[PDB]
Amino acid sequence: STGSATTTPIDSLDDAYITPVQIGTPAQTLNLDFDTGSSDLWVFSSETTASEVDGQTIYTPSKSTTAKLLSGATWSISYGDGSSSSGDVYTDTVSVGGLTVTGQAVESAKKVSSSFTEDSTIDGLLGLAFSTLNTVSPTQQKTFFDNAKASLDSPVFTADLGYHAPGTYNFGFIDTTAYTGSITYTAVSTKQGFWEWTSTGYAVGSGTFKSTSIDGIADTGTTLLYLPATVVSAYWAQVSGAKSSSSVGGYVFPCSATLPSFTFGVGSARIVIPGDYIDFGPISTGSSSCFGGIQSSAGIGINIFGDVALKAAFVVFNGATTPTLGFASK
Ligand SMILES: CCNC(=O)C1CNC1
Ligand SMILES: CCNC(=O)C1CNC1
C-alpha cells in the first residue's frame, strides 16, 4: 500500500503545516500537524475542556462506530516550546492520503495549553518520530507510520514541504519526479527516539564550506533551524544590523535587509536554504525589526533541523531495520 497527502502552511510565514487526516467511521476529518519530532497522535475532541477549544475541529469518539476506549490508558506530553496536552485514549481507524491503519491509538485531549487553544488551525498532532517516545501509559502505543509500515510497498515516508506554498507527505514510496539530482542517505541514531543525524558542515552565502560535524534532529514539527551559537553568529554577522535580542528571544534583523543563503552538508552533498526562507517577518505588527529563521540551540540541548531547513529539500525518512535519512535538492 501507499498514501499521499497534501500539507498546507497554516499562515503566510510557514509557522507550521497541516495535513488532513480521516479518523473514525464515518470519517471525521481533522487537520493535524505531522511532527517527526514526537510520537503521539493526539486530537482536540469532545472531551477537551470547553474553555480550551477556540475554533478547532474536534473528534467525537461516540459518533464513530469503530472507536473503542483503550481502558485505563492516559497520555501527557510536554514539548520543547513549553506547550503541553493530556487526556485518555481510543483506538480507531485512521487514514492519511488513502493509506488506512486500523486500531490506531488516537489520543483524545482533555487538556491543552494556551498556545494550542490559540491556534485555531491545528486540530492536533500526528507524531512520526520513533515509538519509544510515545507517552501513553501504562501500555506504550505505536505511531501511525509504525503501524502502517509492514503494509507499505517500502518502509519509508517522505516530506516535501513548500516555501509559502503547499507540499506533500508520501507513505510507502519515493516519488522520483519530486527532486533533482540524487538522494544522499546518512546514518541515523535512534538512541533519543528522534531522527537524529550528523551534518557534515555549513556555508554562509557564497562563503567557503566549513567542514564540521553537527549532530541534530530532522523535525517537521519545529518551525526554525536551531544550530550551535558559533554557526549562528557566523550567519548573522553577514547581515548588517542583525543582533541577538534577549527581550525578543533571538536574532532579529532589519526588515530592509536581503538575507544570504545558508548551506548545510549531508555527507558530500549540499542543501542550500535560500535567504528568503530565513525571513520570519516583523517581530510585532508594523515593526521594522524582523525575526530570524536561524537561531541558537544553546539553550535547548539539541540542534534542530526544522522546517526552515527541511523545506529546502526532499527528505526521505527510511524506516528499514536500520533507519536512515535521505536528502535531495528540489
Ligand atoms: C516528545 C518531545 N518532542 C518535541 O518536543 C519535538 C519538537 N517537535 C516535537
Ligand atoms: C501540491 C503539492 N506540492 C508540493 O509537493 C511542492 C513541491 N515542493 C512542495
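Quick reminder, even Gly has a Cβ in these numbers, built from the backbone with ideal geometry, and neighbours come from all protein chains shown. What follows is calculated from the coordinates using simple rules that are stated; it is not laboratory data.
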**Fill in**
FRET efficiency for residue 233 and residue 256 from the Cβ-Cβ distance with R0 = 25 Å, rounded to 0.05, comes out at 0.70
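Add +1 for every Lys or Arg and -1 for every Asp or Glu among the other residues with Cβ under 15 Å from the Cβ of residue 67, and state the total. Spell out each step's value before the answer.
Details: positive: 63, 68; negative: 47, 88, 92, 107.
Residues near residue 67 contribute -2 overall.
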**Request:** Based on a Kirkwood Rh over C-alpha pairs, give the Stokes-Einstein translational diffusion coefficient of the stretch 173-314 at 20 °C and viscosity 1.002 mPa s in µm²/s.
**Result:** 136 µm²/s
**Complete:** Charge tally for neighbours of residue 3 with beta carbon under 15 Å away, counting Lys, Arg as +1 and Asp, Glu as -1, is -3
**Item:** Partner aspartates and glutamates for residue 111 [C-alpha distance under 18 Å; skip if fewer than 8 residues away on the same chain]
**Value:** 33, 40, 47, 52, 54, 81, 88, 119, 123
**Prompt:** Cα to Cα, under 17 Å, and not fewer than 8 places away if on the same chain: which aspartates and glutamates meet these conditions relative to residue 330?
**Reply:** 160, 175, 276, 307
**Asked** Gain in length, residue 137 to residue 71, computed as 0.36 nm per residue apart minus the alpha-carbon separation, to one decimal in nm?
**Response** 22.7 nm
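Sort 34, 253 so the one with the fewest other Cβ atoms within 10 Å of its own Cβ comes first.
On the way: 34 25, 253 20.
Going from least to most buried by this count: 253, 34.
Can you pull the semi-axes for the chain, root of five times each eigenvalue of the Cα gyration tensor, sorted largest first, whole Å?
33, 23, 17
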**Prompt:** How much mean residue ellipticity at 222 nm does the chain get from its helices, if each DSSP H run of length 4 or more adds -39500 (n - 2.57) and you divide by all residues, to the nearest 500 deg cm²/dmol?
**Reply:** -1500 deg cm²/dmol
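Among residues other than residue 162 whose Cβ falls under 14 Å from its Cβ, what is the net charge (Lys/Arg +1, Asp/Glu -1)? Mind showing how you got there, number by number?
On the way: positive: 311, 330; negative: 11, 14, 15, 160, 276, 307.
Value of the local net charge: -4.
Please report the equivalent ellipsoid semi-axes of the stretch 5-174, computed as sqrt(5 x eigenvalue) of the Cα gyration tensor, largest first, in whole Å. List each step's numbers first, then the result.
Details: eigenvalues 94, 81, 46 Å².
Listed largest to smallest, the semi-axes of the stretch 5-174 are 22, 20, 15 Å.
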**Asked** Where the eigenvalues come from the Cα gyration tensor of the stretch 1-74, what are the semi-axes √(5λ) of the equivalent ellipsoid, largest first, in whole Å?
**Response** 23, 17, 13
**Message:** Run the simple label-point estimate for residue 165 and residue 284 please: 7 Å along Cα→C-beta, distance reported in nm.
**Reply:** 3.5 nm
**Message:** Using 30 Å as the Cα-Cα cut-off, could you pick out the over-long pairs in 68/311; 63/149; 63/191?
**Reply:** 68/311; 63/191
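What order, most packed first, do the peptides 237-247, 179-189, 83-93, 150-160 have when packing is the mean number of other Cβ atoms within 10 Å of each residue? Please report the intermediate quantities before stating the final value.
Working: 237-247: 13.0, 179-189: 15.3, 83-93: 20.5, 150-160: 18.4.
Answer by packing, highest mean first, reads 83-93, 150-160, 179-189, 237-247.
Need the full-extension length gain, residue 330 to residue 215, defined as separation in residues times 0.36 nm minus the C-alpha distance. One decimal, nm.
On the way: separation 115, 0.36 × 115 = 41.40 nm, distance 2.34 nm.
Result: 39.1 nm gained on full extension.
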